[PDB]
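*Asks:* Attaching a single structure in structure tokens format; questions to follow.
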Amino acid sequence: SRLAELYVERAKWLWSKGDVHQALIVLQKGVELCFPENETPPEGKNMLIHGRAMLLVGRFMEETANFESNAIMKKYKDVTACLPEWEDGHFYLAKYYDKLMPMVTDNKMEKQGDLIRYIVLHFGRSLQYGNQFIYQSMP
Amino acid sequence: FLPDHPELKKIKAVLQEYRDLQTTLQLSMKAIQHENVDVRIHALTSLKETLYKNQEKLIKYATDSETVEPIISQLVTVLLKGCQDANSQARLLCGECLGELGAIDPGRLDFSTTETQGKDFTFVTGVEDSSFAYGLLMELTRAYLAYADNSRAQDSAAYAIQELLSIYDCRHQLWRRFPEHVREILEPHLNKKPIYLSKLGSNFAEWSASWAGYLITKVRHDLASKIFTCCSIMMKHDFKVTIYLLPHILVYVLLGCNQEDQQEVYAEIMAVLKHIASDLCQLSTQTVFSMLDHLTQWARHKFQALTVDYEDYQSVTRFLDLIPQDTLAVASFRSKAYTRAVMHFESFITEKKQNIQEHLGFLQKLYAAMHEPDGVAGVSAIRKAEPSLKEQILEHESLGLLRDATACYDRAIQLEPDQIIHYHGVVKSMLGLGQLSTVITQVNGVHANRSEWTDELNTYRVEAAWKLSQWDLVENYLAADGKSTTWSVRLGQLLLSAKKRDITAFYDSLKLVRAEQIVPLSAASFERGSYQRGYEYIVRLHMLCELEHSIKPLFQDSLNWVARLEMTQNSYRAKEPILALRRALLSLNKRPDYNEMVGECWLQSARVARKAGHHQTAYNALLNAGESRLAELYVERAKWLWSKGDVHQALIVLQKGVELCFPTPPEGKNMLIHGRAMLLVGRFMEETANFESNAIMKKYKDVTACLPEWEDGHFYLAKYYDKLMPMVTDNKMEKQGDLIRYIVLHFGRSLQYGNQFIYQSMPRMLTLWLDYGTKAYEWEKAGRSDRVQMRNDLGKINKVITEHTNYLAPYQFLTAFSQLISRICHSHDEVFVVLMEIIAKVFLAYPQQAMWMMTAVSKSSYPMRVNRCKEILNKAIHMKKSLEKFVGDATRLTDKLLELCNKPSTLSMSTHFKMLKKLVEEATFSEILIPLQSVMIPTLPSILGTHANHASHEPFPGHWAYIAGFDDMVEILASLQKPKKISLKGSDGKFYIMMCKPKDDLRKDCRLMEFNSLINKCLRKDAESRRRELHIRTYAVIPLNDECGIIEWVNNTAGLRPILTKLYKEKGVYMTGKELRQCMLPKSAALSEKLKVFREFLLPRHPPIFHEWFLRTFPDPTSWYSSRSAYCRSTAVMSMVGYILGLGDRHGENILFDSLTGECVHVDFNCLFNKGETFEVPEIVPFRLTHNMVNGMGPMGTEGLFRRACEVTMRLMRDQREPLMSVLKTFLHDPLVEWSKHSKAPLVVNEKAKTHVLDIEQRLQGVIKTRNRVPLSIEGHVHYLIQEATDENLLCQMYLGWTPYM
Amino acid sequence: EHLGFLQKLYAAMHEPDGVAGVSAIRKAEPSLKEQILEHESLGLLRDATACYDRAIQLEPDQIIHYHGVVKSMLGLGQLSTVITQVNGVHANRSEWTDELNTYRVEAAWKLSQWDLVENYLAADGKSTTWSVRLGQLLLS
Ligand SMILES: Nc1ncnc2c1ncn2[C@@H]1O[C@H](COP(=O)(O)OP(=O)(O)OP(O)(O)=S)[C@@H](O)[C@H]1O
């Protein structure tokens, strides 16, 4: 595949390796493999793969000691954009939302809420998109 | 004149007119230098004998301190002057002597002092220069003189000799310039090219003769043409003369060029592109490049001036333009120019913008020539384009990861094979970690194929046979024999010779093996620091010398195989070779005990494997060897596996092994090993909540019981105790000292045995004791609980300290005791004051350490400290009448220093005050070595001897300078509160001006200096740091006054800001200081607006000149690459270490780069934890990264593989977390150091500084900390650090500071 | 005393978990062939390759011992490596050439080369050959 494809899977293998810096280098390489600046793919599966790479990047950001929450949200938005339908993009966004929700609360239940409502809507969309993350989303 | 004497009385008769083992060695070092090469060979034979005579004692001279022995340093000088002989035999004898010496760690070697490669430039414009005329005379001498002996050559030679005699008077200033002697007798006797190389030009000399006729016409000057005509007769007479003539002819061609000659120059480039004779043509192209460099030097002289010369420079530029640097790099790749080729490739990228991928394919070839540790893989990481599968296999080789993917390189060969050699590389992968079974299958596959590589595989099989130690394996070696042998295969042949029992005939074969080593040695000769690069090849030669000793035993100094391995610097690749050599030696021995020894050698290899990781490979190595089982040895193999993974699971297996080992009997080391296993269990206990800390303490007591004597067991127990004591308080504090005292007693026992690790731990333990004493004084003032009860614990601790002191060695305390003393002075005094008196006794032991302490005491009002100094002086008077007198002499020297500090182009302050000059003249003050950062550091106690290694070593060991006084007028650098620098003549007579600047504190710099180079000592120890082979510069400041700190100026120091100003001047681009003022930033600048304005101004302000600066720094293309490597050493991990501290923020003007190799320096980085950054503007990048500076370091790619390696080095520094923690605690601890910026405290502290120490621990963690919430990776952190320097916005946030457009 | 029966018992079980328990249970660590049985329970090819190499270094009297190293080559799954192992094996097994040839034939199935298939096809083995005999049917 011209797209990273199995090489993108190799970046997942790098995640299996567990070295974030190597994984980050792989993530940049994967974006490059679809294009130096790849557009979301016209093929739905290729676009979904690009979204999956964005989800992997969000996991990498969570691994990173320093990450931008807005940047993670933008990657999540891009994943949602590649497939509104795909369960994985919504599920990754829901996981990002939960981390965002603890920060939004800032240790206060009252502070959390508008963000929580957006997260709940994303969780419902993710459950509709796929049942595989749906059981976790339902709890 | 002095020579080794057969008869002692004849030497004695010479000796009385001329006027213990080390002195003999000093005579030997003079002996090693030889007036006559034949005389040197006799000396070399004597030197090899002297080393043998030294025997174990020579090893004892070699080992005594962790710091390399000075006597070894004379020996190290002997190695520099050792096997470098034009005669092969002379070099071989020197090499044999080096083998008896064995291989010093490159990190261990301290000889960076010698000027070595650096020298005043040889190049001169020529013809006007006497040396160019001397060079023509040198060309006339030797082969032209041999040509003069031939009659046909002689008529041309005589005409040239007569022309040379007409050109230059034989006399007598010219005669004084001339070597004369036999040459003077010769002087009296004297009184764009297709045709070139191809066809008639043939092997260079014919081409040169055709070129010379064109050149004489081409040169504008009649005199240059006349010189060319004289050269042309000489060029016909000698091919070597023609080559010398061609560089001069090229300079004449540069001075005047015909348009046809310019086409001929293009033709010569085409001939170089078209290019034995081809190697000579490649050498001729290199000579043409060298002539171009000489032309560039002439162009630089033209550039230095301010017309026609500029037009000539433009014509040279046009010739350079006609040449294509990328084509030259491709020719250079054929040339195997390597770093010189890389510089041409870098020039091509500079010359014309290129696709990064297009540059990358050439770069990948360049990386292979470089043999860089990153190699192709570092280039690949820089590359944005995914590697070709063959390129990826090359990248895997560049990684040299080995292990997994060795098969993958074979798999690419499986998909298609174009090279038998590529298959052979797969076969090397098949050998993997020395696997015999894989080799046997490979050998059968190799046999079915017919290839030169298949024969090489048979040679590899012979190496496997050497591992086998099998007579049948020797028969396979015989099958290899009668076929060309690789040098490793030749080593296998030497093993075959051991089976042969050839003896002296085998030794002659060994001499042939030595000759192959000599070819490596010819590769070894090079610019300074080449020896560290060639040290591994030298180690293979050292292994051959050990094999020769083994051969002598078979035919039948201490030469322990283990001792030789310890002396050698240790690297994971180096260890694997050393283990193979040790295995071979065990294999050669037929002893059953030798077979048990071979298993022990495999175990030693396993310890090397633990250093090399590759734990599965190491387990494979244990399987490959095994037998001679040791319960501790099996446990150690399990422990290395445990460290890689499942350490607790391995520990449970280790406990079962311990049960097998012990039902009793210590059994020597094995009982100590059982204690070590208990220490590993204690680490496991810390790891597991189920493991009980009190139980672990009981285990620690048991480990102490197994060996009372071992320092390590006590030290480990003390470290466990210290963690336990903090845990027992659980932040309770309050009562703590009695528990701390039990931990201190374990630390003291560990200190009494002594350890290299122990000395760092002991300083931390002493610091903890000092903190406890301060706490007790505070408690007594508080009245909290019982002041007396706290005092009683403190008194018991003081009594323990006195007992510890008797065990303690002042040399063993070394630098740490002095650093502790500035922190040590306290208002409470009393028992702490008594501890200070013990510190004073250590101060008495080294005068220089006391002198440094005195200067700090002088700056402080130190009314209590001066009284303590007076008590120390009374102790010094008790120690010697002279010791008290020396302190008075030191005080007088300090007063002279104070006058220099006041500093009321070059100013004659010494002329201005008679007393300061008189004091310098007076010998009454004790002679003082000029302060050095190295001089300040104490010589390390030897790792090999736990106790008294420091005592045998100088507590600090260096040649000691005696002040010669200072010149009456010394030029002083001018600045507000400017430091004034004057140089005292050295006992050596080298003089360095040292300048003390108001608003600069020498003591604060000294505390930074003391932390500095702790890593450098660690780097010499680290294999990776040795692979970097990069020194870390240490600033030295010795000014007693707090207000002014005086540091001798570094030679070749360049301000980064000053260099940038010079670069702007070289560009001729002009930016007004007022124009920079004209650019305006709102204090509340929009972050986007400020960055956008900054970027536009920056791009115009600083097109990068860094690459040009690097080219100026080294003339050689290879030399420039070495300077680039020095730049890679510069900043990088050292910049990262400052970033991890968070303290520095050095001004770009403050930063200094050495002129010869460019080395990064940080000056007056007062801010700690970015206190300065917090003030005013704050800069995100940990280390300033000017874009132009980054581009010059980058060459083709700004990002540095060496910089990535530096981040790994920083991770190694993180690995020594405890040493770093002790240093951080010390910086806060010293009274002279200010945690938060001594009349106030005759006997600073920052709450933020304590938080900063927690931040430093966070830096060791590598956790971002700044990011909200939040998982730390050192490699990711290094990438983040590169990103922080990279961002324009981070530059926008910074105000002033580097203030650099690029 | 029970362990010797147990090692046989573990083999009958053909269960890794039972084998792992036996290894923990034994007072003395398994070595050589006993270590090799432990390696099969461990399931790690690199350890197995080392174990096979160590066993070969002590002695090389077993075609099966060579076969276990070949199994490690199968774990490597590199066609060039598998061929290299096969060539070495054919010379080494003068008594039983091609005993691991069927293993090589499975490698040939991995090779997916008809000519590679032909060399295996030329070889004749009185064995079921497991999947590889099916591969021989695949070969035409
Ligand atoms: N080897 C050296 N030669 C000359 N000046 C030096 C050297 N090392 C440090 N300096 C400092 O250079 C200063 C002269 O001004 P610059 O070269 O612009 O640097 P600076 O920023 O003032 O340097 P500091 O004082 O070290 S922050 C003096 O204040 C010196 O302290």
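Every chain in the structure tokens has a letter given in the order shown (A, B, ...), and although residue numbers restart at 1 in each chain, ligands are simply numbered from 1 in the order shown.
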Pull out every residue of chain A sitting within 7 Å of chain B, counting only C-alpha atoms, and send them as a list in words.

*Replies:*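 So the contacting residues turn out to be residues 20, 21, 63, 64, 65, 66 and 67 of chain A.
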
*Asks:* Pull out every residue of chain C sitting within 9 Å of chain B, counting only C-alpha atoms, and send them as a ChimeraX atom specification.

*Replies:* /C:24,27-29,32,46-47,49-58,66,69,76-81,83-92,111

*Asks:* Just write the chosen residues, N, CA and C atoms, as a compact mmCIF listing (two decimals), in the first residue's frame.

*Replies:*
# COMPACT_ATOMS: atom_id res chain seq x y z
N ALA C 24 9.19 -24.77 37.86
CA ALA C 24 9.26 -24.09 39.18
C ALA C 24 9.45 -25.14 40.27
N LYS C 27 13.89 -28.88 42.10
CA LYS C 27 14.97 -28.31 42.94
C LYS C 27 16.14 -27.85 42.06
N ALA C 28 16.47 -28.63 41.02
CA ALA C 28 17.66 -28.33 40.18
C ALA C 28 17.23 -27.86 38.79
N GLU C 29 17.82 -26.77 38.30
CA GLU C 29 17.37 -26.19 37.01
C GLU C 29 17.60 -27.19 35.86
N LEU C 32 20.60 -28.65 29.26
CA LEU C 32 20.71 -29.49 28.04
C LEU C 32 19.30 -29.86 27.57
N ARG C 46 14.01 -17.19 20.48
CA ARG C 46 15.43 -16.78 20.66
C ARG C 46 16.05 -17.67 21.74
N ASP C 47 15.31 -17.90 22.82
CA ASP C 47 15.82 -18.79 23.90
C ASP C 47 16.00 -20.19 23.31
N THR C 49 16.57 -21.06 20.21
CA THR C 49 17.70 -21.11 19.26
C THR C 49 18.97 -21.22 20.06
N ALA C 50 19.04 -20.45 21.15
CA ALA C 50 20.23 -20.51 22.02
C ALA C 50 20.32 -21.90 22.63
N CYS C 51 19.18 -22.43 23.06
CA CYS C 51 19.18 -23.75 23.73
C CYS C 51 19.65 -24.81 22.72
N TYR C 52 19.17 -24.70 21.49
CA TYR C 52 19.56 -25.69 20.45
C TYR C 52 21.05 -25.56 20.24
N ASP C 53 21.53 -24.32 20.18
CA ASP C 53 22.98 -24.09 19.93
C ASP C 53 23.79 -24.68 21.10
N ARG C 54 23.31 -24.46 22.32
CA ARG C 54 24.04 -24.97 23.52
C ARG C 54 24.04 -26.50 23.48
N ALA C 55 22.90 -27.09 23.12
CA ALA C 55 22.81 -28.56 23.08
C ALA C 55 23.78 -29.07 22.01
N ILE C 56 23.82 -28.39 20.87
CA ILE C 56 24.72 -28.81 19.75
C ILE C 56 26.16 -28.70 20.26
N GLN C 57 26.44 -27.62 21.00
CA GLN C 57 27.82 -27.42 21.48
C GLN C 57 28.19 -28.57 22.41
N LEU C 58 27.28 -28.98 23.30
CA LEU C 58 27.62 -30.15 24.14
C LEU C 58 27.78 -31.40 23.27
N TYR C 66 18.83 -31.15 15.68
CA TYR C 66 19.01 -30.23 14.52
C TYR C 66 17.64 -29.71 14.13
N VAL C 69 16.38 -26.74 16.07
CA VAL C 69 17.03 -25.49 15.57
C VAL C 69 16.31 -25.08 14.29
N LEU C 76 11.83 -17.95 12.83
CA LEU C 76 12.43 -16.77 12.15
C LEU C 76 11.60 -16.50 10.89
N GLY C 77 11.21 -17.57 10.20
CA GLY C 77 10.37 -17.42 8.99
C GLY C 77 11.04 -16.55 7.95
N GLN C 78 12.36 -16.69 7.77
CA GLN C 78 13.04 -15.95 6.68
C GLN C 78 13.38 -16.98 5.60
N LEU C 79 12.94 -16.75 4.37
CA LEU C 79 13.13 -17.80 3.33
C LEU C 79 14.63 -18.03 3.10
N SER C 80 15.41 -16.96 3.03
CA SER C 80 16.85 -17.14 2.74
C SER C 80 17.47 -17.93 3.90
N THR C 81 17.09 -17.58 5.13
CA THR C 81 17.63 -18.27 6.31
C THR C 81 17.21 -19.71 6.29
N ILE C 83 16.50 -21.62 3.81
CA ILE C 83 17.27 -22.35 2.77
C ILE C 83 18.67 -22.59 3.34
N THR C 84 19.23 -21.58 4.01
CA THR C 84 20.60 -21.72 4.52
C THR C 84 20.64 -22.83 5.53
N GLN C 85 19.62 -22.88 6.39
CA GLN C 85 19.56 -23.95 7.41
C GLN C 85 19.43 -25.28 6.68
N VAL C 86 18.60 -25.31 5.64
CA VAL C 86 18.35 -26.60 4.93
C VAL C 86 19.65 -27.09 4.29
N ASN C 87 20.41 -26.19 3.67
CA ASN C 87 21.64 -26.64 2.97
C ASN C 87 22.61 -27.22 3.99
N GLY C 88 22.74 -26.54 5.13
CA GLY C 88 23.64 -27.04 6.19
C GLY C 88 23.14 -28.37 6.68
N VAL C 89 21.83 -28.48 6.85
CA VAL C 89 21.24 -29.74 7.39
C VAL C 89 21.51 -30.90 6.42
N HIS C 90 21.39 -30.66 5.11
CA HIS C 90 21.52 -31.81 4.18
C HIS C 90 22.92 -32.40 4.27
N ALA C 91 23.95 -31.55 4.31
CA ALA C 91 25.32 -32.06 4.49
C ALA C 91 25.48 -32.72 5.86
N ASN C 92 24.93 -32.08 6.90
CA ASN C 92 25.13 -32.60 8.28
C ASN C 92 24.50 -33.99 8.43
N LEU C 111 8.16 -20.27 0.32
CA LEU C 111 8.94 -19.71 -0.81
C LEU C 111 7.98 -19.41 -1.96

*Asks:* All residues within 6 Å of ligand 1 are required, counting only C-alpha atoms and all ligand atoms; please report them as a PDB file with N, CA and C atoms, in the first residue's frame.

*Replies:*
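Result written to pocket_29.pdb:
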ATOM      1  N   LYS B 978      34.548  45.658  34.030  1.00  0.00           N
ATOM      2  CA  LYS B 978      35.327  44.710  33.189  1.00  0.00           C
ATOM      3  C   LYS B 978      36.307  43.873  34.007  1.00  0.00           C
ATOM      4  N   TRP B1049      41.521  33.492  30.173  1.00  0.00           N
ATOM      5  CA  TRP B1049      40.702  33.412  28.937  1.00  0.00           C
ATOM      6  C   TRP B1049      40.964  32.083  28.232  1.00  0.00           C
ATOM      7  N   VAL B1050      39.913  31.433  27.729  1.00  0.00           N
ATOM      8  CA  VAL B1050      40.116  30.190  26.930  1.00  0.00           C
ATOM      9  C   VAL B1050      40.831  30.595  25.636  1.00  0.00           C
ATOM     10  N   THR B1053      38.747  31.398  22.170  1.00  0.00           N
ATOM     11  CA  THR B1053      37.333  31.510  22.585  1.00  0.00           C
ATOM     12  C   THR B1053      36.634  32.455  21.634  1.00  0.00           C
ATOM     13  N   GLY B1055      32.910  34.616  21.123  1.00  0.00           N
ATOM     14  CA  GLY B1055      31.536  34.889  21.585  1.00  0.00           C
ATOM     15  C   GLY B1055      30.588  34.430  20.500  1.00  0.00           C
ATOM     16  N   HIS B1147      24.293  34.312  27.803  1.00  0.00           N
ATOM     17  CA  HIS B1147      24.164  35.246  26.653  1.00  0.00           C
ATOM     18  C   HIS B1147      24.905  34.638  25.461  1.00  0.00           C
ATOM     19  N   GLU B1149      26.685  36.270  23.349  1.00  0.00           N
ATOM     20  CA  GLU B1149      28.034  36.889  23.422  1.00  0.00           C
ATOM     21  C   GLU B1149      28.824  36.162  24.518  1.00  0.00           C
ATOM     22  N   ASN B1150      28.156  35.831  25.626  1.00  0.00           N
ATOM     23  CA  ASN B1150      28.823  35.113  26.747  1.00  0.00           C
ATOM     24  C   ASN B1150      29.303  33.746  26.251  1.00  0.00           C
ATOM     25  N   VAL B1163      28.824  31.110  29.640  1.00  0.00           N
ATOM     26  CA  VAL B1163      29.606  32.024  30.525  1.00  0.00           C
ATOM     27  C   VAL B1163      28.659  32.800  31.450  1.00  0.00           C
ATOM     28  N   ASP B1164      28.962  32.834  32.752  1.00  0.00           N
ATOM     29  CA  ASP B1164      28.149  33.662  33.687  1.00  0.00           C
ATOM     30  C   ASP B1164      26.672  33.268  33.590  1.00  0.00           C
TER      31      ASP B1164
END

*Asks:* Any idea what the distance is between atom CA of residue 1178 of chain B and atom CA of residue 1294 of chain B?

*Replies:*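 According to the coordinates, atom CA of residue 1178 of chain B and atom CA of residue 1294 of chain B are separated by 5.3 Å.
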
*Asks:* Can you list every residue in segment 61-140 of chain C that DSSP puts in alpha helix (DSSP H), as a VMD selection string?

*Replies:* chain C and resid 63 to 76 79 to 92 101 to 111 114 to 122 131 to 139

*Asks:* Residues at most 10 Å from residue 954 of chain B, counting only C-alpha atoms, excluding those fewer than 2 positions away in the same chain, as a ChimeraX atom specification?

*Replies:* /B:64-65,67,69,811-812,814,846,938-941,949-952,956-958

*Asks:* Based on the selection just made, write N, CA, C and O atoms of those residues as a JSON list (two decimals), in the first residue's frame.

*Replies:*
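Wrote it out as again.json, contents follow:
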[["chain", "number", "residue", "atom", "x", "y", "z"],
["B", 64, "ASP", "N", 46.19, 2.99, 40.23],
["B", 64, "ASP", "CA", 46.41, 3.52, 41.60],
["B", 64, "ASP", "C", 45.29, 4.53, 41.86],
["B", 64, "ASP", "O", 44.83, 4.63, 43.02],
["B", 65, "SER", "N", 44.88, 5.24, 40.81],
["B", 65, "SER", "CA", 43.79, 6.24, 40.93],
["B", 65, "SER", "C", 42.80, 6.03, 39.79],
["B", 65, "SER", "O", 43.21, 5.49, 38.74],
["B", 67, "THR", "N", 41.58, 8.40, 38.18],
["B", 67, "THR", "CA", 42.21, 9.29, 37.19],
["B", 67, "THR", "C", 43.43, 8.59, 36.64],
["B", 67, "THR", "O", 44.12, 7.91, 37.44],
["B", 69, "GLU", "N", 47.11, 7.52, 35.57],
["B", 69, "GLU", "CA", 48.38, 7.87, 36.27],
["B", 69, "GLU", "C", 49.16, 8.90, 35.45],
["B", 69, "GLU", "O", 49.16, 8.79, 34.21],
["B", 811, "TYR", "N", 42.65, 12.53, 51.25],
["B", 811, "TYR", "CA", 42.70, 12.38, 49.77],
["B", 811, "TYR", "C", 41.40, 11.74, 49.33],
["B", 811, "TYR", "O", 40.85, 12.11, 48.28],
["B", 812, "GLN", "N", 40.92, 10.77, 50.12],
["B", 812, "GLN", "CA", 39.64, 10.09, 49.77],
["B", 812, "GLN", "C", 38.49, 11.10, 49.78],
["B", 812, "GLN", "O", 37.66, 11.04, 48.85],
["B", 814, "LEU", "N", 38.87, 14.23, 49.21],
["B", 814, "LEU", "CA", 39.22, 14.94, 47.95],
["B", 814, "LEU", "C", 38.44, 16.25, 47.77],
["B", 814, "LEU", "O", 38.33, 17.02, 48.75],
["B", 846, "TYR", "N", 45.86, 19.06, 51.45],
["B", 846, "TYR", "CA", 46.21, 19.65, 50.13],
["B", 846, "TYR", "C", 46.29, 21.16, 50.26],
["B", 846, "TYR", "O", 45.26, 21.83, 50.50],
["B", 938, "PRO", "N", 40.07, 16.83, 42.21],
["B", 938, "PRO", "CA", 41.00, 15.88, 42.81],
["B", 938, "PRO", "C", 41.19, 14.68, 41.90],
["B", 938, "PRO", "O", 40.21, 14.30, 41.22],
["B", 939, "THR", "N", 42.38, 14.08, 41.88],
["B", 939, "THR", "CA", 42.52, 12.83, 41.10],
["B", 939, "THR", "C", 41.62, 11.80, 41.74],
["B", 939, "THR", "O", 41.63, 11.70, 42.98],
["B", 940, "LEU", "N", 40.89, 11.03, 40.93],
["B", 940, "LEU", "CA", 39.92, 10.04, 41.47],
["B", 940, "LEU", "C", 40.67, 8.87, 42.13],
["B", 940, "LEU", "O", 41.76, 8.54, 41.66],
["B", 941, "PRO", "N", 40.16, 8.27, 43.23],
["B", 941, "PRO", "CA", 40.79, 7.07, 43.79],
["B", 941, "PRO", "C", 40.56, 5.91, 42.83],
["B", 941, "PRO", "O", 39.48, 5.85, 42.23],
["B", 949, "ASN", "N", 43.48, 3.77, 47.59],
["B", 949, "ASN", "CA", 43.76, 4.13, 46.17],
["B", 949, "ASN", "C", 43.85, 5.66, 46.11],
["B", 949, "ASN", "O", 44.78, 6.18, 45.47],
["B", 950, "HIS", "N", 42.93, 6.34, 46.81],
["B", 950, "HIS", "CA", 42.99, 7.82, 46.87],
["B", 950, "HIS", "C", 44.27, 8.24, 47.58],
["B", 950, "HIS", "O", 44.90, 9.22, 47.16],
["B", 951, "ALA", "N", 44.63, 7.53, 48.66],
["B", 951, "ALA", "CA", 45.83, 7.92, 49.44],
["B", 951, "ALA", "C", 47.09, 7.77, 48.59],
["B", 951, "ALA", "O", 47.95, 8.68, 48.62],
["B", 952, "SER", "N", 47.20, 6.67, 47.83],
["B", 952, "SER", "CA", 48.36, 6.47, 46.94],
["B", 952, "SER", "C", 48.35, 7.57, 45.87],
["B", 952, "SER", "O", 49.43, 8.13, 45.57],
["B", 956, "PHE", "N", 44.53, 15.39, 44.62],
["B", 956, "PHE", "CA", 44.28, 15.92, 43.26],
["B", 956, "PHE", "C", 45.61, 15.72, 42.57],
["B", 956, "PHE", "O", 46.63, 16.19, 43.12],
["B", 957, "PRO", "N", 45.70, 15.07, 41.39],
["B", 957, "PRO", "CA", 47.04, 14.88, 40.84],
["B", 957, "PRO", "C", 47.24, 15.66, 39.55],
["B", 957, "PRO", "O", 46.50, 15.44, 38.58],
["B", 958, "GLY", "N", 48.24, 16.55, 39.55],
["B", 958, "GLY", "CA", 48.58, 17.30, 38.33],
["B", 958, "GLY", "C", 50.01, 17.81, 38.42],
["B", 958, "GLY", "O", 50.53, 17.88, 39.55]]
